[PDB]
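To keep things clear, I will list the structure first and then write my remarks on it.
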Amino acid sequence: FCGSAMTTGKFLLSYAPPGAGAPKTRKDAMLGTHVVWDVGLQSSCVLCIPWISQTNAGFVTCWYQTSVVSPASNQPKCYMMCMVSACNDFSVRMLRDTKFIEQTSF
Amino acid sequence: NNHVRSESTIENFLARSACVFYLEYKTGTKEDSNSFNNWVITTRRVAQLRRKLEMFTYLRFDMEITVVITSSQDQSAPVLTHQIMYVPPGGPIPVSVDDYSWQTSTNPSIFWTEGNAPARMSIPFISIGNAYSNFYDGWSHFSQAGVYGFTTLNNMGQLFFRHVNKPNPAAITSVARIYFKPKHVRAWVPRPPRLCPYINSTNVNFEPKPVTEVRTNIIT
Amino acid sequence: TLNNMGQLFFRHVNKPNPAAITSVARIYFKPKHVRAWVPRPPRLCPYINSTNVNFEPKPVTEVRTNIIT
Amino acid sequence: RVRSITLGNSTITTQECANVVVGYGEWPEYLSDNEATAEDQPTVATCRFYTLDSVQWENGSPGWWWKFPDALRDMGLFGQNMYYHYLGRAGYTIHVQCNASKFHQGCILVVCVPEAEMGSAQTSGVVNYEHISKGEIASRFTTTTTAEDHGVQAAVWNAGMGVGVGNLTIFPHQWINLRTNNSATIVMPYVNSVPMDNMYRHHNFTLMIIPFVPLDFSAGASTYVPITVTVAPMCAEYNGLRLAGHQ
Amino acid sequence: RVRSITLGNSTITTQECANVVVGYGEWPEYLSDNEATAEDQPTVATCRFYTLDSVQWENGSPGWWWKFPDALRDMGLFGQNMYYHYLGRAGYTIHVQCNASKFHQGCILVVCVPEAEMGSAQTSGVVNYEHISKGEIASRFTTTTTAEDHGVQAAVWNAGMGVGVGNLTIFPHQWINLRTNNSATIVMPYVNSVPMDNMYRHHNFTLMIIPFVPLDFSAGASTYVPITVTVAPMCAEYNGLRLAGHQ
């Protein structure tokens, strides 16, 4: 969370196992796997999601639990970023060429 | 005899060379219809071979592919060079004689010239599964509505062939015949032998047949 | 003067004789015994020149229909 | 002389001796492989008998078959775990048994065929889901070749796979022959190429019951003998669904 | 300086120090009485946070209340066990907490009243179910006497029971006073005449939140402060449903 240092809210992060659709309500999300992340204590949270490999596949969804509480800011723009990396053990097999560059041209 | 047999080991019941395909291609420009040719690796093409690999439900092996190639001119030059390119499954493939899919660096290729012992190389066990499946009983999609049997299971690469020389007056036509054998077989779970002649090359579809020949009477 | 390596030349060794012969030689290359130091983020924009890092600006990523699921 | 096995919340009385045939001589297990640090999976309250509907056996009936695990898709808590998990595995214990007098006769074959792949009624069609499954209701073979829009090419004497029906005793099997037996037990472990896969998408094995010598009865007596099957999962597992993270 | 309690499948972050008030100084327990040989009862996977919908607190709002266990009747697995069991018991852990700046002010009282029995809007009517409960949605008090077809005689300053509202601090209670606190915790054990009774038919206690000093704010700032409550069962039990017999 990259908002101001007087902004406080609460978000409910959620994870759905593979082979199950995304939650359709915050009530639905809550009954799944969820981590209530309080912004105003923690400025970051790390979820480590097991069991990825390659549709069917999980979902990550973030939901308001409360609306953000402004100090007195007149534009209520607050932001959050997200970062990603492989965790611990990982494995790959069988080299092949990338799809994002197409031929020569010079 | 005088000891336990060893001619009926799994390794000697399989692992024999057999012809599986042959194809033709000829020197010519990229305009020309036939000037490169391909074959998709499968073991269901030849009935005799297919019979002995449907003895088991699961197999894993490495394979050796040897291609023996002859050529002849036709009615009115330097030695020709042939390229055989293996494309691992999920790679790029060429659609014409000239593409960057023959220049790609991640597809093994053998350059070979006539008057030498025939080219071969082995391909190691390739599949994310831990065995090839000779019978499958599911659908491609996560809800049943896909394609029944032999979906993404039993998928292996494919070969491509072309001449490497420039076109020159007088066409040359080559015929390459492919020999195939597995090696280091391991089998799990046996099956009863197939009884009805094969129809499709992608289904287990069959036409009903008598179990056995008639006899003149059961009593002797 | 960095990244300067030699160059090849090719010719026939026989004397000229009646009827031209044309050869095509294709070059295959591989390094061996690589050692790498200091990584970089992958290139994102198609190459232009063969001697410059010059590039034309490009979008970071594909569009989505909406960020919510 | 009998004892009654119970798996808790269910009980069934069985004949004391009837033998068990362990398919390939290995019992159901929980996998013990490591490198599940990045794909941890929990093991359970599904380990109870489920009794499927009984079917008549009458003189000239040709056979029946069901496909697991898609025959237990409507059963209890076990049907919920095909829907809240993307991957699973599970062995089975199957008791097939039936009533009968001493004036009846005939024998049937019980067999479990891993990866039974069915034909198609016409020799260029492709069978669809509704003709190769019928849920927890028994499907059936038929004598006499007949076409169908999709359909399985049932014939009995090809077994829907174009193999001799007399050679199906290569797979785990038991004969139930009236005048001796009246029950059979097959314990079938999980057999697949990959360690776990989607329950809905795939079928693991096809139970089949094929009469050889057909039912018949002496003077008086009932004209049918009912058959019943009972299936209980053993040592099941399903994929995780918990974060490995923290705040 | 905080720690995050987790009861598995749920997590909530709490302030490190905030005190717990154990109601009557006894924690939730499983009963240990014998003579359950003729009425054996099993103990469990319901022991997780359930977060009810947040309510606004704004200047001049009069209060709120909910009634347990009938406010958790739609929640998860715990709602299924009011419907597959005829008797139950269960203690509770309740965290009430809220946001706020340092420019806000006011204080509220949090109290759990065992056996709160409500009046009726007219003094000869009888209150019905729909006016004394609202499920997991908060009910509310009102200032200014007004009639209703059934209704509770809410008034705030009688508390719907005809007692002084200033004397409700006899029951387990915590003050949440902005400028110090912003959270409270009450752990409430099972209190009833009989050891177990029907969940639907009876109510055990009524959580209530009554503002005294009302919300107000300095220049700028939000015009409401949200309140949230979170309730987790502890040490629950329910009646048996197994035969003690045999074949």
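For neighbour counting, all protein chains shown are included, and Cβ atoms are generated from backbone atoms with ideal geometry for every residue, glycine included. Where a number appears in this text, it was derived from the coordinates with a stated rule and is not lab data.
Assorted remarks:
- Cβ-based exposure ranking for E:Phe217, B:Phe36, in which fewest neighbours within 10 Å come first: E:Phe217, B:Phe36
- Amide H contacts of D:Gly106 (H built 1.01 Å from N, under 5 Å, at least 5 apart or other chain): D:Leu178
- Region E:1-145 shape via C-alpha gyration tensor axes, a/c threshold 1.5: oblate
- Residue-by-residue Karplus 3J(HN,Hα) for region D:12-22, coefficients 6.51, -1.76, 1.60, Hz, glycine and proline x: 8, 9, 10, 4, 4, 10, 6, 6, 10, 10, 8
- Label point 7 Å beyond Cα along the C-beta direction, distances from D:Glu39 to other copies (nm, shortest first): 5.2
- Computed over region D:40-87, the convex hull of the alpha-carbon atoms projects to a mean area of 4.6 nm².
- Per-residue ellipticity at 222 nm, computed for chain A from helices alone with -39500 (n - 2.57) per DSSP H run of at least four residues, works out to -1500 deg cm²/dmol.
- For E:9-22, mean number of other protein chain Cβ atoms within 10 Å: 3
- By the Stokes-Einstein formula, at 1.002 mPa s and 20 °C, chain A with its Kirkwood radius over alpha-carbon pairs has D equal to 125 µm²/s.
- All other residues whose Cβ lies under 9 angstrom from that of E:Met196 are scored, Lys and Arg at +1 and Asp and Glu at -1, for a net of -1.
- Gyration tensor verdict on region D:36-122 (Cα atoms; rounded if a/c is under 1.5, prolate if a/b is larger than b/c, oblate otherwise): prolate
- Charged-residue dipole, Cβ positions (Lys, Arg, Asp, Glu), chain B about Cα centre, Debye nearest 20: 700
- Hydrodynamic radius of chain B by the Kirkwood approach over all distinct alpha-carbon pairs: 20.5 Å.
- Taken residue by residue and averaged, Cβ atoms of other chains lying within 10 Å of the Cβ of A:36-49 number 4.
- The share of alpha-carbon pairs in region B:54-153 lying farther apart than 19 Å comes to 64%.
- Above-threshold pairs, the threshold being 32 Å between Cα atoms, out of B:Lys166/C:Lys30; A:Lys27/A:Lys77; A:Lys99/B:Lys30; B:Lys26/C:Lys58: B:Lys26/C:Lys58
- Nearest-to-axis residue of chain D, judged by beta-carbon position, where the axis maps D onto E, in Å: D:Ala45, 5
- Nearest-20 debye value, chain D charge dipole, Cβ charges on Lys, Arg, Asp, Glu: 760
- Along each principal axis, taking the top coordinate minus the bottom one, the Cα set of chain D gives 78, 55, 29 Å in descending order.
- Convex hull volume per residue for region E:130-247, taking Cα atoms only, in Å³: 193
- Residue-normalised convex hull volume from the C-alpha trace of region B:129-216: 277 Å³ per residue.
- Peptides B:116-122, E:106-112, ordered by how many other C-beta atoms sit within 10 Å of their residues on average, highest first, read E:106-112, B:116-122.
- Label-point spacing at D:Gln15 relative to the other copies reads 7.4 nm, in ascending order, each point sitting 7 Å out from Cα along Cα→Cβ.
- Its Cα gyration tensor gives region D:66-196 an equivalent ellipsoid, and the semi-axes of that ellipsoid, as √(5λ) in whole Å with the largest first, are 26, 23, 15.
- Per residue, the convex hull volume that the Cα atoms of the protein assembly as shown enclose (Å³): 324
- Cα-based equivalent ellipsoid of region C:8-69: semi-axis lengths in Å, sorted from largest, via gyration tensor: 47, 20, 13
- Placing a label point 7 Å from Cα along the Cα-to-Cβ direction at D:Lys134 gives distances to the equivalent points in the other copies of 5.6 nm, listed shortest first.
- Most positive-pole-ward Cα, D:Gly76, A:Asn56, D:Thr46, against dipole of the protein assembly as shown from beta carbon charges: A:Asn56
- Counting, for every residue in A:17-30, the Cβ atoms of other protein chains within 10 Å of its Cβ and taking the mean gives 4.
- Look at the dipole of the protein assembly as shown built from charges on Cβ: of B:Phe36, B:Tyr132, E:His131, the Cα furthest out on the positive end belongs to B:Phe36.
- Each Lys and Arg Cβ is given +1 and each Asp and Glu Cβ -1; about its Cα centre, region D:1-106 then shows a dipole of about 600 debye.
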